[PDB]
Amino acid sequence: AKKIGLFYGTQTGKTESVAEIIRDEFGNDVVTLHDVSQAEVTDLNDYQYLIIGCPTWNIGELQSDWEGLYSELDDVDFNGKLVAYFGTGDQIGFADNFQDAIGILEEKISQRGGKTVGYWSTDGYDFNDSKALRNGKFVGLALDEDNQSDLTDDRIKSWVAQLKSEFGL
């Protein structure tokens, strides 16, 4: 009815499109979408299950709107919440900072108490470095519409089935 809050930020809409797919994969009224460009850090307190969507830009930078909300995280609490992350990036043009955005967001949110779920395998990706890594895996679903648009849909399906399990749905 109302359990998972998906807060996303997007520059050219790729991340938003993925967010809508994620929503449809979860089932009737489970997930609600929220453009962080119109959100206050306190909106995240209304959910015990969160999905953070954010593309990486300008070589390792958080998407514009997320950058603004990011600064307010240090004053909020995420303890007791399960948080998953996903983002669009470009492993070819920016192999050294692939998906840094979700890595940055995850570090901060986990630091504030959020427990991360939804770890994703790096197998099948071609990149050099990322701030979104932990124990050999991405801290969230890594999508690449610029180079692997053909893999996004099945990657989302797999990830949602994984989260349905990890969220205990």
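So that there is no doubt, residue numbering starts at 1 and follows the sequence shown.
Peer 1: Quick one: higher average CA temperature factor, 22-30 or 120-128?
Peer 2: Comparing 120-128 with 22-30, the higher mean C-alpha B-factor belongs to 22-30.
Peer 1: Which is higher on mean Cα B factor in this entry, 141-149 or 10-18?
Peer 2: Averaging CA B-factors over each stretch, the winner is 10-18.
Peer 1: Based on what the PDB entry reports, which of 109, 54, 51, 39 has the top C-alpha B-factor?
Peer 2: Largest recorded C-alpha B-factor: 39.
Peer 1: Among the chain's modelled residues, which third holds the C-alpha B-factor of residue 69?
Peer 2: Within its chain, residue 69 is a middle-third residue by C-alpha B-factor, going by the deposited values.
Peer 1: Against its chain's modelled residues, does residue 75's Cα B factor rank lowest, middle or highest third?
Peer 2: Highest third.
Peer 1: Select lowest, middle or highest to describe the third in which the CA B-factor of residue 102 falls within its chain in this entry.
Peer 2: Its C-alpha B-factor belongs to the lowest third of this chain's values.
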